[PDB]
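Written out below as structure tokens is the structure these notes cover.
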Amino acid sequence: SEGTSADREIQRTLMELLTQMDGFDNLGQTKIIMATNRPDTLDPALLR
Amino acid sequence: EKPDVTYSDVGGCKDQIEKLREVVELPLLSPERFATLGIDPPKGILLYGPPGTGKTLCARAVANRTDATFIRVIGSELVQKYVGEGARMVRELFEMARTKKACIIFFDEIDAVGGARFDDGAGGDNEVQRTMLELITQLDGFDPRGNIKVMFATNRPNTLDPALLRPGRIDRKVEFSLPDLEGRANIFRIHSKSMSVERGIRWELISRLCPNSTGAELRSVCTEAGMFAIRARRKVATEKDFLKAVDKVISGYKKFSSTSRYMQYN
Amino acid sequence: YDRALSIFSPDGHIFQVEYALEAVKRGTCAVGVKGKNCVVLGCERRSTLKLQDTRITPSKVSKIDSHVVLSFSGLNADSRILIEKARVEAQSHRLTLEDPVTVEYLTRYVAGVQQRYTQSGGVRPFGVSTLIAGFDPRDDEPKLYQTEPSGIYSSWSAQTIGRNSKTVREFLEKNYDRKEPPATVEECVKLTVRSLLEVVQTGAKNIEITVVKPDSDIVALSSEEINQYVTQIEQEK
Amino acid sequence: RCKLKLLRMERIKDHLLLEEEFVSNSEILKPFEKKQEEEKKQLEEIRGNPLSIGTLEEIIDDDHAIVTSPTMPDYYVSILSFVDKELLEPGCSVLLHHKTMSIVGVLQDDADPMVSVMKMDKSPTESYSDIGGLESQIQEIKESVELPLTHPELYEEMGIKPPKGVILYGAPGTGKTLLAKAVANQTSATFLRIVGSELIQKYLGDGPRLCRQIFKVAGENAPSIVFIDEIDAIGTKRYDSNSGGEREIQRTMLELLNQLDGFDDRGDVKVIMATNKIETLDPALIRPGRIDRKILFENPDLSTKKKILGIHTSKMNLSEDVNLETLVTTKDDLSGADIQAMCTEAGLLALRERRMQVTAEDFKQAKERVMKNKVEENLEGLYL
Amino acid sequence: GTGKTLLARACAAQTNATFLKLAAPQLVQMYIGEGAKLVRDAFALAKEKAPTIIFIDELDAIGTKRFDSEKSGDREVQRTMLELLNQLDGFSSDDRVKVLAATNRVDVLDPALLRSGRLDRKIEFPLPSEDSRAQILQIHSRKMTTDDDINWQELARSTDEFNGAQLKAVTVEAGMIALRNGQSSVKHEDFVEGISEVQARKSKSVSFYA
Amino acid sequence: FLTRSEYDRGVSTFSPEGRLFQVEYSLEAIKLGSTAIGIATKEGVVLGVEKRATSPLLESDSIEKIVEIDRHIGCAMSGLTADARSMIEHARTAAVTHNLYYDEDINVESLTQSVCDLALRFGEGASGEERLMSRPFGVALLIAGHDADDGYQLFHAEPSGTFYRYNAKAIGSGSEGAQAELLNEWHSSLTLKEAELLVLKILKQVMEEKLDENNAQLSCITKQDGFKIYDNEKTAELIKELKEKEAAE
Amino acid sequence: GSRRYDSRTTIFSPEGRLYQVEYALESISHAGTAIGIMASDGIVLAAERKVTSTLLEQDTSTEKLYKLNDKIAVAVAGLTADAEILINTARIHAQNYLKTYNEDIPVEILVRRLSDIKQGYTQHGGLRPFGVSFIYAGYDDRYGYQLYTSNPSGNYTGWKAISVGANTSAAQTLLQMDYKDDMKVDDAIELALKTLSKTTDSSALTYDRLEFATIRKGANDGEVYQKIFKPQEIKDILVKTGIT
Ligand SMILES: Nc1ncnc2c1ncn2[C@@H]1O[C@H](COP(=O)(O)OP(=O)(O)OP(=O)(O)O)[C@@H](O)[C@H]1O
Ligand SMILES: Nc1ncnc2c1ncn2[C@@H]1O[C@H](COP(=O)(O)OP(=O)(O)OP(=O)(O)O)[C@@H](O)[C@H]1O
Ligand SMILES: Nc1ncnc2c1ncn2[C@@H]1O[C@H](COP(=O)(O)OP(=O)(O)OP(=O)(O)O)[C@@H](O)[C@H]1O
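Chains as they are written, first to last, in the entry's author numbering: chain L, 292 to 339; chain H, 202 to 467; chain D, 4 to 240; chain I, 54 to 437; chain M, 225 to 434; chain E, 2 to 250; chain C, 2 to 245.
This is the structure in structure tokens:
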């Protein structure tokens, strides 16, 4: 978000995932399988 | 709308403008000769060469003559805040010109937006090179240009696309040159015939005095000589004031670096 | 080390020769004017700073032989390497060829010295410009030369180098004559003092004058002397 | 009596004028009573209320147009009633009828917060000879800026095109800033002034729309003189490097070449550029005929600085004590902004005292503070 | 210069298969969720009108090698690259939907287009050959009128390493020369002088010791 | 200044040009050269140089760009003249070396070839010869001469390391204007005082003052009189007799 | 390779000027002050230490003051490592002069030699300067007492009163007002002390933070007694002048 507006669109949607994954919202019997083609693109809060 | 500049007024009196008159001007007047030949008529042309050679001045001259639509583009006008916006712009502009019948698209100053394609792997040049690509894909198309005559004006051939400078879609490409020792004499006669001067002068003399130079200097040899005219409080221009002015322009050129310099990188 | 400190420029120069000329511009101003039977080098000294020992400190005019003076503008520190080469060549000429040096031969040597540090690798030019003046031996023609950090040498009728040299050079077109020098030694000294008082200003204590007459007589006029010469110019003006 | 004489005529005339217009408000409507009075009734009923703002995208030549309203819905409106179609053409803000939308007329137009930076609200109160001295390199800025507006006659005798452009260049503080604002007081035609630091932005694409605009407004409200103050600022100022950088600098330059000149055939936009990084510009910028006579300024000479210092000490309290000429002696090829700062600093010594007088002592002290600035970011002392 | 785009149009029309015309820069949009939606609707359409060949002209506009982006609007561009790689996976109803792709360079493609399953067969268009050049010249020159003293081998020896766009540009350039002499038939001595006048390069530059 | 140069980090590095950039720059320092004109005939060679006045306080009769290599070979320097201070010594050494080893007047071509072998020795250490330079020389010569084996010859020596034998060549700033006139007015049927007067014709056009012997100098190399520098009194006569015949028009 | 990573720090700036010299001059006002004041009967050299700690031993320290020979001592201000080197170069030069002429060096000659050494490092070889400033107090018969400062460029000027190191501008102003052409050594000692009391970069000014040394004509028979004082003789003359 020194780029375009696209990159804070990314940011809004990413913050939503973290409260889900670990929060006062707790999981469950729900599982994440995450398939990526290169993992060092990622934000390290998605390496967590 | 077509600005009024005579065809005899030109930025350079050469055979180079005659070559233009065979690619652009003549199949609009007569596609009869190019039917008799049967050849496909050439459409594109590159206009290139040093500044002050009246790059855009002969294309205002040719806009007086042909009376076709002129649709002028600035290459720095093709870049917007967000990417793919400018993708919209170019595509749409070309399709409006297809609907239009007997039109010319004059690509001015497409040194940014028209440049070479290359990879940076982290740049911000990629976002610009989307619109660079949008210019290619429209020119070949999947349909031909149905009477769209295409000029590209580049200061620089030093960097250009090699598929915006492939030789089948920019056809004959004309190097515009510096006036000769005869060519400055021609230019400067178009320019001093327009000025009141005291008869018995040499237009040959003033060219010799000058080194190999532009006519945009010869348009300013007159006008600065005209200011030395008003300070002496003369209605007329004489030899003496023309000498001061030749010295004035040349000294300045060296001091900076007006010629044999083109700057940029893309 | 054998890597270049001189990188050729597309302009038709070398950057470091252009940088070396500026460095000379920022230096203290020297005038040279030659009479019919003298030379006169006047130089500005900044004595503006107070509690300066001036007795023990060398003038900005250095004798390099018994009849060849060298004055300089630009980097003061750098200059001393040139003065040590030049004193060394002066003896070498006596050793191997006999007689004292000629002003021309010595000027050429200096020219090749500053030149060398342009063209060689591992070294940057010297930003120091010299006024070399003097007599040839057996002779009584004043010969006044200027060498410059481009390693280009020149003869001159009169010259000035240093800070705001242009202001003095225009004065020298108009008050010194190509055809006639002023013929007394005294008038020549006062013509050069009168010139110095354009840029130097601020009293007569920042003016220093070395006068050389043939037959190997280098004497430098003290402050007191200058004081009298300046006051004359002052009153007449 | 010398102020009063001016006042006595001019005030009484502004008081009468004001009074005149009060009695006169009523009187406007009296030469008609059905000749125009009636016309007014007819237009109004057509218009009704509210007149809904639209934005006109494009016209069609069959008496219709396509508006896009800022409230969303497009409408295929008709150009009918009390409207010329020559006062219509892209970019207009229009009055629509609140039942069936017809364009009843165009009255609305809305100014940008960027045409607000460009357009000036002043006419310069200072005029020429507030840095005066070097007053022969000023008739290269009044024989090519002032004068072809003032006289067409002179350049008609010689015929041909009359002057176009100047680039002012030199040391900083040598008057460049005040030169531009001193010719704008004399000519009295639309004076635009834009800083070059605002031409450099941290966002792309908007860079070119700004530079393309300045000359478009300029040609519209012609004659205009556009002062581009600082075009040395295009290569030294730059924010980030990923929406800044080379790309953004190159594009704004490219844009500026079309404007001046280019193919536009815009209005009169004499140009005044101040610079000192003239070799960070294009060869198609410092091209002749977009620069005509170019002006070099160097530092004033000793007798010039006496012109400069007597302008500045007229506004100040004086004594027989004050001596200008020894202040001149000390400074040696320095800017007249240096000399302008000693006089401004000399009243700072008066202010510090709280004494209303200015003395020779006040000018010499602030000369020492001015020379402290110059040689103390230096630390060589004597040239090493 | 090798007539990448020309070949694909001609051959897909000859043999008949539903020819979808898509230029890759059109997928770039400053909208997402509408620009990205041309991709979505481009499979949905294509599975109805199946078997069909999806011709993307250029594939550098959405075929960015980048997927490590730092501080740019290149994460907007790549969402039409990613959405492409999803529907070029089977969740069936794509076994009969194909891809032709033309591109000017192939060193700019993503590592997820090196792989088979995307474009499996990888065809290079080479610079012309001796036999090939001679042919090319005859196909343009069929359109215009020539004289009967032409030898297509002569012209093809004398052009070496000329691409098909330059060779189109000799054939045209010959009837310019014809027009200027003022004929109505195009000689075999004109095509030779169009070699010099229009190429690709203006001479061998200035040589001062080369 | 600041004109695109992709490569130029090495002092020999390539370059999509196919030739080094640094050598090219060296030739662009000879267009700032004070103009040197030279007309070679079969009866003699005339080297004319504009001494170049810079000031009225500069003594312009003391400074000159005629430089003697030896009695049978003369040479003229234009460009950056500090670079020619080093080479001209070398060339004079060279000639002398030949007279020591062989007791013979050296070929003009051979001598020209020797300062070219010198001209190419820029580098950080490479080839057979140890580099001692690091930046290329920015100076061009016109070595004239007379040998009794191939006659009058005149060579244009480059900072490149290349030599082209000319029949007349002008170099310097006004080079472009000079070579238009040489092309039409030169021929091989000239005589010595018609050439001499041709040097002053072309000198007249590239003159930035006016023509007089206080800023122009002529010099010759003649078979039976050798290399002779023409003094100013003699120079004057010819300049006036041009001015007599140009007033017969 | 190597040429790529080459610093090139010995090239001129656009100003004609040498960035690394200035950077050296910048960093010596980060080292302590050393002052010289020339009396007519002797020379006082007064240095303020750039270190002090109660756990420091600053009593065998002669960390600013060095004897080059028994007639010319120096005050050092700057990077001490570079300085140590020149100090034994100087000793080697003094003894050389003494070997060949069998006569002690004049102050004029040794100051010119050190200066030429410095000049070489800024002139070429791609090195960085030796960032040191020396105040030379010396006696010779030919020109008497002579006082000198040299800087990292390698240029020298004689002075009647000088200050180097920290607050150069400041110390200079003071010196000019409280100097008189001819003084006794005591009056000088006093003045030396007084300037350092107004310029001290900590409020307090003490004996253990003074290195202090003279050269006195209080040696009979026209000889000069070089004295580097013990810090307990400094303590008394500091109570004398009433600072402490
Ligand atoms: N060769 C010439 N003969 C006559 N007039 C000339 C010539 N060259 C330049 N001019 C003058 O220069 C003026 C402006 O040139 P113009 O803008 O048309 O040129 P260009 O070569 O496209 O350069 P640029 O596009 O970089 O401005 C012309 O109106 C004309 O007065
Ligand atoms: N000749 C002078 N007479 C009066 N004031 C002067 C003169 N020269 C300059 N000044 C004053 O100095 C100040 C700065 O000058 P100005 O902006 O006009 O020019 P400049 O050379 O562009 O310098 P800078 O841009 O750094 O301020 C202004 O208040 C100006 O009036
Ligand atoms: N085999 C051929 N036969 C005849 N003419 C040919 C042939 N191939 C190409 N050409 C000519 O060359 C032109 C260029 O071809 P095309 O545009 O298809 O190529 P490309 O390599 O994809 O180039 P670009 O996409 O950069 O325009 C054709 O329109 C035609 O005139």
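Using N, Cα and C, we set each Cβ at its ideal position, and we do this for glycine too.
message: Output needed for residue 281 (chain M): all residues of its chain with C-beta closer than 7 Å, excluding positions within five of it in sequence on either side, in chain order.
response: 229, 247, 248 and 326
- prompt: Does the segment 331-342 of chain I come close enough to the segment 242-257 of chain H to have 3 or more Cβ pairs within less than 8 Å?
  reply: yes
task: Run the proximity test for residue 36 (chain I): is its beta-carbon closer than 7 Å to any non-hydrogen atom belonging to ligand 2?
output: Lying outside 54 to 437, the shown extent of chain I, residue 36 (chain I) is not represented and no answer is given.
- prompt: Going by the beta-carbon positions, is the gap between residue 410 (chain M) and residue 372 (chain H) smaller than 8 Å?
  reply: no
field: Short CB-CB distance (under 8 Å) between residue 79 (chain D) and chain C
entry: yes
- request: Report back the beta-carbon spacing between residue 83 (chain E) and residue 164 (chain D) to the nearest angstrom; my notes put them in contact at under 8 Å.
  value: About 17 Å; that fails the 8 Å criterion.
query: At a CB-CB cut-off below 7 Å, which residues of chain H make contact with residue 207 (chain I)?
result: 431
- prompt: From which residue to which residue does the alpha helix (DSSP H) around residue 340 (chain M) run?
  reply: Neither: residue 340 (chain M) is in no alpha helix (DSSP H) and is coded neither H nor E.
- request: Look at the Cβ atom of residue 465 (chain H), then the Cβ atom of residue 303 (chain I), and state whether they are nearer than 8 Å.
  value: yes
task: With a floor of 4 residues, list each alpha helix (DSSP H) that falls wholly inside the segment 117-168 of chain C, ordered by position along the chain.
output: none
- request: Count the other C-beta atoms from every protein chain shown that fall within 10 angstroms of the C-beta of residue 73 (chain C), then say buried if there are 16 or more, exposed otherwise.
  value: buried
field: Proximity of residue 93 (chain E) and residue 216 (chain E) at Cβ, strictly below 8 Å
entry: no
- prompt: Per DSSP, residue 70 (chain C) is paired with what?
  reply: C:73
query: Just by C-beta distance, which residues in the segment 419-433 of chain M are closer than 7 Å to chain I?
result: none
- request: Examine chain E for any beta-carbon lying closer than 8 Å to the beta-carbon of residue 84 (chain D), and answer yes or no.
  value: no
task: List the residues of chain I whose Cβ lies closer than 7 Å to the Cβ of residue 296 (chain M), in chain order.
output: 295
message: Between the alpha carbons of residue 227 (chain H) and residue 414 (chain M), how many angstroms are there, rounded?
response: 20 Å
field: Inter-residue Cα distance where the pair is residue 257 (chain H) and residue 272 (chain H)
entry: 14 Å
message: Helix, strand or coil, according to DSSP, for residue 254 (chain M) in the structure here?
response: coil
field: Spatial neighbours of residue 400 (chain M) in its chain, beta-carbon cut-off 7 Å, leaving aside the 5 residues before and after
entry: none
- prompt: Closer than 7 Å: is that where the CB of residue 358 (chain I) sits relative to any heavy atom of ligand 2?
  reply: no
query: Start and end of the alpha helix (DSSP H) containing residue 214 (chain C)?
result: Counting along the chain, residue 214 (chain C) falls outside any alpha helix (DSSP H), though it belongs to the beta strand (DSSP E) covering 211-220.
field: Contacts that residue 133 (chain D) makes with chain I (C-beta to C-beta distance below 7 Å)
entry: Neighbours of residue 133 (chain D) on chain I: none; closest Cβ ~16 Å, over 7 Å.
task: State the DSSP-derived secondary structure class of residue 41 (chain E), mapped to helix, strand or coil.
output: strand
query: At a CB-CB cut-off below 9 Å, which residues of chain C make contact with residue 201 (chain D)?
result: By Cβ distance, chain C contributes nothing, its closest Cβ being about 24 Å from residue 201 (chain D), past 9 Å.
- prompt: Under 8 Å between C-beta atoms, does residue 462 (chain H) make it to chain E?
  reply: yes
field: Within chain D, the residues that residue 435 (chain I) reaches when beta carbons sit closer than 8 Å
entry: 49, 52 and 79
Neighbour list for residue 82 (chain E) in chain H, Cβ cutoff strictly below 7 Å: Correct list: empty, because the minimum Cβ distance to chain H is about 19 Å.
Where the segment 152-181 of chain C meets chain I: residues whose CB sits under 9 Å from a CB there: 152, 153, 154, 155, 156, 158, 169 and 170
message: Are the CB atoms of residue 64 (chain D) and residue 191 (chain D) within a distance shorter than 8 Å?
response: no
message: Nearest by alpha-carbon distance to residue 370 (chain M): which of M:389, M:407, M:300 and M:337 is it?
response: M:407
Heavy atom of ligand 2 within 7 Å of residue 393 (chain I) beta-carbon: yes
message: Helix, strand or coil for residue 112 (chain C)? Go by DSSP, reduced to three states.
response: helix
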